[PDB]
Amino acid sequence: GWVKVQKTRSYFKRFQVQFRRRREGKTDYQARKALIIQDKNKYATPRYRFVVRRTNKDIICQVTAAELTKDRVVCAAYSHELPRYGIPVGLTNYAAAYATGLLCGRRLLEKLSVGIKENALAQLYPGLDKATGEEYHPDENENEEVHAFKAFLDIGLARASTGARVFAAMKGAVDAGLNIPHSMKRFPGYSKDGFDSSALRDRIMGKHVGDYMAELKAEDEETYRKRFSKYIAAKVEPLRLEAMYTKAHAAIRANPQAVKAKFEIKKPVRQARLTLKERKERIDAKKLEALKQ
Amino acid sequence: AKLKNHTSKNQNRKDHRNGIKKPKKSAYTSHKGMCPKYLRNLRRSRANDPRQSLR
Amino acid sequence: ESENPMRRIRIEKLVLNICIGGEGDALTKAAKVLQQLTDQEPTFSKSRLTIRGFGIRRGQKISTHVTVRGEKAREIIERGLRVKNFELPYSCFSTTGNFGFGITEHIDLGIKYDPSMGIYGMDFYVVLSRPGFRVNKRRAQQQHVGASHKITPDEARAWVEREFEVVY
Amino acid sequence: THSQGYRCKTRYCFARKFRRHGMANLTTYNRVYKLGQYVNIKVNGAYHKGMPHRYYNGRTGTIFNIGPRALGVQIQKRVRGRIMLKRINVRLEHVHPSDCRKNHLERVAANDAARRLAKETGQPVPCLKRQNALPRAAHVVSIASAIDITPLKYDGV
Amino acid sequence: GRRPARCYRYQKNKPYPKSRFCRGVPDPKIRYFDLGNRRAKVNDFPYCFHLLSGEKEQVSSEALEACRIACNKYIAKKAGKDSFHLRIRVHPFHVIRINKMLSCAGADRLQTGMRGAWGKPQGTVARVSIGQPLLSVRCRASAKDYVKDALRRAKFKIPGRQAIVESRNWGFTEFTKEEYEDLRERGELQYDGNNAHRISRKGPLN
RNA sequence: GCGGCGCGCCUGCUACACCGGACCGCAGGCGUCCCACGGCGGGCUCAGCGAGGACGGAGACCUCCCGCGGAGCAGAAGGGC
RNA sequence: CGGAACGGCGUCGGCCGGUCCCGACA
RNA sequence: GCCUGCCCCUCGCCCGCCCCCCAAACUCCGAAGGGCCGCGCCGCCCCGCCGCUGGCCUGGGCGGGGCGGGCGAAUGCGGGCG
RNA sequence: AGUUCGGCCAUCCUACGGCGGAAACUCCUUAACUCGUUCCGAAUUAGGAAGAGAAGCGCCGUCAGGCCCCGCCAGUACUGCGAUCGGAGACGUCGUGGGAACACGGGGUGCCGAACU
């Protein structure tokens with residue numbers, strides 16, 4: 001009972017290393033292909049994929065166009081920007097996704113608009129003025145002359161579970177003005193019978209947190225202290241959540257322009273490579289450790 | 001009666017006698033097989049303004 | 001002299017396995033036995049291929065399994081060590097720190113012997129996981145766990161000794 | 001050959017190389033194509049639709065039509081004593097852009113630039129034609145100490 | 001009678017080996033390819049003598065078995081089984097074919113003629129190149145006098161002209177009489193067993 | 001020569017590195033099958049190397065782990081995943 | 001002196017070697 | 001070496017290590033030799049047309065006008081077309 | 001520095017042992033909900049933020065396997081076209097052209113873009 005080894009030089013010689021992104025697993029190559037296959041006739045005309053990545057403490061939205069090398073991140077808004085816009089806590093809930101979306105969309109429409117400096121873009125496409133759950137497809141209506149900037153959705157590798165955070169970021173961009181192809185069946189409240197404005201009007205307002213916060217205080221205040229600690233110090237009571245969301249949405253739509261925040265580039269020690277002549281020496285000392293003993 | 005089958009001997013000389021004739025300019029850029037939309041764009045655009053084959 | 005608190009050991013899950021060929025309704029009868037103990041619906045695994053010695057024929061349900069975790073896992077496994085007199089064979093611990101034992105009588109686990117439910121033997125296998133193993137199962141960022149963090153059988157026997165005061 | 005399928009005698013040709021098995025690098029689909037671009041054709045088994053017949057492998061051609069999801073390469077094939085302008089439709093993956101006149105595109109601009117510098121300073125024009133190597137010159141070489149070479153015996157073998 | 005060996009002499013056809021397309025390969029007569037003291041110390045057998053191949057040719061297996069039997073006997077009778085190592089280096093691999101013409105001929109009766117000439121495999125045969133060693137006899141000092149004779153007594157059995165050579169190499173070991181010895185004082189020769197290799201400077205230290 | 005069918009068709013050879021290349025030359029198939037064995041979207045990883053676990057061993061199940069495909073994709077073979 | 005495996009103190013050459021003016025038991 | 005004493009030996013298998021010789025329907029690699037296309041028209045500035053494109057003032061095509069230039073491998077020879 | 005979207009796909013891998021985190025990331029953290037699980041919040045979804053470098057990940061090792069480069073192999077094997085060259089043949093030379101491969105040493109161990117902190 002003593003067996004063969006899988007990692008033979010034969011296995012290694014034939015190993016076909018996957019693409020660096022595929023090995024890491026961040027990017028699914030098959031979807032990227034279908035999202036980025038611009039029909040050849042158009043040529044240079046660029047294609048926008050609305051990446052909505054999800055992370056433990058942040059939700060990242062950026063509108064991107066893939067050139068032969070760069071992915072040309074056009075304009076980007078992340079969850080960490082939202083406390084500046086007035087939401088102190090809950091920077092990764094469904095409601096915060098519908099805000100991350102307005103943050104990206106309204107920045108994109110204005111950035112294109114200031115360069116245009118004419119009767120175009122945001123004045124042509126204010127979009128839904130307020131955050132409401134009604135179905136709104138921006139390009140479905142007039143779409144006169146300058147068409148709404150349409151970007152296709154990139155769910156990443158995350159799974160399209162009914163009413164996931166990533167779906168609600170898409171609504172946020174749609175609220176801003178960017179037409180993003182959508183059906184809203186995934187959105188909660190879309191029973192085959194109908195789309196519930198309510199299921200969206202409440203989740204977009206962060207009332208999912210409100211039910212739990214109030215219930216937690218009654219059944220077990222001590223758990224509610226540990227579970228929602230940041231919410232308590234911030235003073236956003238479950239009742240106050242609705243007001244916070246309306247104000248933030250109002251500020252986001254009116255003044256999207258982002259301001260630069262400074263970054264400190266700390267350098268880790270990064271003990272450098274041992275010099276090659278010294279590298280041979282380490283074996284030479286070891287040889288003495290075996291010979292002289 | 002048993003007979004010969006197939007052999008290309010001499011076929012090369014026959015072909016290269018005066019052969020290797022270029023396919024001709026008319027079929028170098030012919031409109032057969034082109035995008036149907038491209039053809040309609042080219043014809044409609046040429047008609048307006050300078051190439052007014054129209055009356 | 002303190003290990004990082006993530007280096008603790010947790011019972012990730014317990015598998016429960018029966019192999020009642022297929023008979024006429026025996027697999028359904030074991031479904032009743034598994035349902036009460038784990039409070040879960042046991043899923044019927046299926047026979048692969050058709051063999052001569054047993055009666056599997058590439059489609060007969062041959063086994064029922066449920067995976068139990070957390071508080072249920074501790075109690076169902078603690079039952080299994082009492083009925084095994086807090087004694088386990090030493091070699092049961094495996095290469096990936098996974099160990100198992102055999103359970104005669106579905107009744108011995110405190111289930112009442114029934115004329116209606118005939119005795120069905122089951123077997124157990126408990127998987128031990130070090131907090132931080134998510135790197136192996138997450139849909140995104142799926143990468144193999146490092147050597148230290150993997151439970152070596154020696155380390156897991158120590159966690160079993162500490163957890164149930166068992167002997168080998 | 002008693003059988004003649006559209007994939008006949010393609011055991012080694014249509015096979016991918018040693019460690020390039022897999023999806024196409026995304027760059028192939030993304031690259032831009034302009035009508036009149038030479039496109040070398042390299043048949044692959046990466047996808048099984050849009051594969052041209054084995055003869056069309058390696059036949060540099062120009063793109064007659066930039067259709068949606070496809071390209072239209074016209075190649076020159078030898079039949080009897082006549083070159084025929086066959087027009088084929090390939091999916092982008094099975095086709096690649098060609099350097100072809102890479103030297104020429106650089107040559108015309110570089111030669112023109114030499115004239116452009118010349119219009120100011122550099123009144124003489126360096127002859128702007130390639131010369132086929134040409135035959136050596138004086139290159140007087142110092143013998144100094146030269147190793148004597150003597151043919152060897154049929155010994156070491 | 002297997003026919004005269006001149007019928008299949010010379011590498012006339014492209015090597016056709018025993019394979020999934022080949023069926024019914026008859027049987028190489030020669031089944032033993034190493035005779036004598038196969039178990040050997042590289043140190044105990046200083047010189048090796050080989051039979052070099054005079055011409056590109058095809059050598060029948062029955063010859064390879066026949067030669068093996070005769071050459072081995074002469075060293076065995078004089079030098080002894082202990083003093084000789086005999087290696088048939090060429091293996092019978094190519095299987096030649098033989099056309100079957102038996103019984104009556106005609107129309108709708110037993111097929112006869114050169115129509116359908118592919119032959120049922122017969123005579124497993126060996127492929128040789130000019131200069132490929134056929135036989136390798138390794139001996140101690142004691143058999144140095146009798147080694148050449150054993151090779152030649154059997155030379156006639158091997159088809160065509162051949163040559164007898166003394167290896168400047170020390171034994172089967174690739175190294176020569178000098179190199180082997182240079183790496184014997186310097187402790188640079190791992191002894192594998194029948195053969196040996198230089199210790200080398202590669203591999204993880206421990 | 002009707003004993004065979006290279007008498008339509010296909011895979012790998014023979015084929016002599018573009019392609020085209022003969023033969024009652026080799027190694028084989030085809031004349032069907034499947035509304036799911038189809039299309040699409042989602043999930044998933046397969047044959048197995050081990051090391052473990054009532055009965056339970058060559059072998060049946062259930063676990064992990066390493067798993068470049070070593071699996072199965074209706075049938076010939078070769079690509080391909 | 002169509003033509004081989006083998007042989008040829010037939011005749012001219014060459015290669016790798018040992019002896020022998022301590023002249024090839026005196 | 002022994003009621004069974006397996007207190008364990010010799011050959012194997014299996015796994016590591018070398019070694020001898022192979023493939024036409026084997027290929028990590030892979031020549032010679034073959035194929036296929038180019039070797040003069042560019043650079044600039046504008047301006048039209050488009051029922052097409054696109055978020056756009058984006059494209060590509062197709063034209064037209066100016067300007068800065070020019071014959072840009074060797075050798076043979078007049079090519080094509082019914 | 002670190003993340004995201006990427007390009008080229010091993011000098012980017014695989015294995016082991018160290019070293020590291022401020023932020024970033026991961027692990028984490030639970031299930032009223034939306035959802036999610038041939039059974040199983042393992043995964044997946046939703047809602048969090050008490051820990052933590054132990055993994056992942058980033059950095060160094062290691063006569064480390066591979067991968068990559070240059071020698072060597074070697075004018076070697078082969079081979080284009082010529083010889084009323086030499087051979088009973090098998091085949092081999094010689095003229096003018098080319099020119100491998102495996103072993104075997106010596107080294108190398110990602111880089112490029114776009115946005116944000």
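S.K.: When you look at the packing of helix α4 (residues 94-116) of chain A against helix α10 (residues 238-254) of chain A in this model, what are you seeing that I'm missing?
M.R.: Angle between the axes and distance between the axes: these two values describe a pair of packed helices. Residue and element names in this part refer to chain A. Relative to each other, α4 and α10 sit at 15°, their axes nearing to 9 Å. Our classification of the angle between α4 and α10 gives roughly parallel. Like other packed secondary-structure pairs, α4 and α10 cross with a definite hand, here right-handed. Residue-level inspection shows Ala-95, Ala-96, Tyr-98, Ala-99, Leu-102, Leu-103 and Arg-106 of α4 in contact with α10, the latter providing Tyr-245, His-249, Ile-252 and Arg-253. Split by residue class, the contact of α4 with α10 holds 8 nonpolar, 1 polar and 2 charged.

S.K.: How should I be thinking about the interface of chain C and chain A in this particular structure?
M.R.: How large an interface is tends to be reported as the accessible area lost when its parts come together. Facing 5 residues of chain C, the contacting portion of chain A comprises 4 residues. Contact between chain C and chain A buries roughly 400 Å² in total, counting both sides, with carbon and sulfur atoms accounting for 41%. Among the residues chain C hides against chain A, the three largest losses belong to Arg-139, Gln-141 and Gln-143 of chain C. Together they make up 82% of the total. For the interface between chain C and chain A, the tally reads 0 salt bridges. Counting across the chain C and chain A interface gives 2 residue pairs in polar contact. Here the residues of the side of chain C that touches chain A are counted per class, giving 1 nonpolar, 3 polar and 1 charged.

S.K.: What should I look at first to understand the protein's contact with RNA strand I in this one?
M.R.: Inspection of the region around RNA strand I gives 120 residues, with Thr-27, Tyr-29 and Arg-227 of chain A together with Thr-67 and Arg-69 of chain C positioned closest. When atoms of RNA strand I within 4 Å of the protein are sorted by moiety, sugar and phosphate together comprise 72%. In the environment of RNA strand I, a phosphate oxygen lies 2.8 Å from a nitrogen or oxygen atom belonging to the side chain of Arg-53 of chain A. Within the side chain of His-208 of chain A, one N or O atom sits 3.1 Å away from a phosphate oxygen of RNA strand I. If you tally residues by element for the surface near RNA strand I, the top one is helix α11 (residues 276-291) of chain A, at 6 residues. In the surface near RNA strand I, the residues fall into 41 nonpolar, 32 polar and 47 charged.

S.K.: For this particular structure, what's the right way to read the state of the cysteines?
M.R.: As used here, a disulfide is simply a covalent bond connecting the sulfur atoms of two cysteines. Under the defined criterion, the tally for this structure stands at 1 disulfide over all chains. Across the disulfide from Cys-61 of chain A sits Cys-104 of chain A; the S-S distance is 2.1 Å. Torsion about the S-S bond of the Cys-61 of chain A and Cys-104 of chain A cystine: about 115°, corresponding to right-handed handedness. Pair noted here: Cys-61 of chain A is in strand β2 (residues 59-65) and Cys-104 of chain A is in helix α4, with a separation of 43 residues, a long-range link. When sorted by exposure, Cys-61 of chain A lands in the same class as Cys-104 of chain A, which is buried. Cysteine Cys-22 of chain E remains unbridged, with the sulfur of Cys-7 of chain E as its closest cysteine sulfur at 19 Å. As a non-bridged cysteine, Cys-48 of chain E has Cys-139 of chain E as the owner of its nearest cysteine sulfur, 8.0 Å distant. The buried category is assigned to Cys-48 of chain E, whose relative accessible area is 0%.

S.K.: How should I be thinking about a positive patch on the surface in this particular structure?
M.R.: Residues and elements named next belong to chain E. A surface patch of positive charge is lined by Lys-73, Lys-77, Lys-78, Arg-153 and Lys-157. With 3 residues, helix α1 (residues 61-78) is the largest single contributor of residues to the positive patch. Along the polypeptide, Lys-78 turns up in helix α1. When its relative accessible area of 39% is taken as the criterion, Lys-78 is described as partly exposed.

So, how was this worked out
- Residues numbered from 1 in each chain as written, not as in the entry; some residues may be left out.
- Chains lettered and ligands numbered in written order.
- Part of a larger assembly, values for the part shown.
- Heavy atoms only, no water.
- Axes fitted to C-alpha atoms, helices over the stretch in contact; angles between N-to-C directions.
- Helix = DSSP H or I, 4+ residues; strand = E, 2+ residues; numbered from the N terminus.
- Parallel < 35°, antiparallel > 145°, perpendicular 65-115°, else oblique.
- Left-handed = near helix turned anticlockwise from the far one by under 90°.
- Contact = heavy atoms within 4.5 Å.
- Nonpolar A, V, L, I, M, F, W, Y, C, P; charged D, E, K, R; others polar.
- Buried area = accessible area lost by both parts, 1.4 Å probe.
- Salt bridge = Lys/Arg side-chain N within 4 Å of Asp/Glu carboxyl O.
- Polar contact = N/O pair within 3.5 Å; in protein donor to acceptor, adjacent residues only side chain to side chain.
- Near = heavy atom within 4 Å.
- Disulfide = S-S within 2.5 Å.
- Buried < 20%, exposed > 50% of the residue type's maximum accessible area, 1.4 Å probe, protein only.
- Patch = residues over 30% accessible without salt bridge, like charges linked within 9 Å, V, L, I, M, F, W, Y side chains within 5 Å.
- Areas by Shrake-Rupley, 256 points an atom, 1.4 Å probe, with all protein chains shown as cover.
- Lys, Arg positive; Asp, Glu negative; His and termini not counted.
- Charge placed at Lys NZ, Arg CZ, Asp CG, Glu CD.

In short, geometric facts, not functional conclusions.
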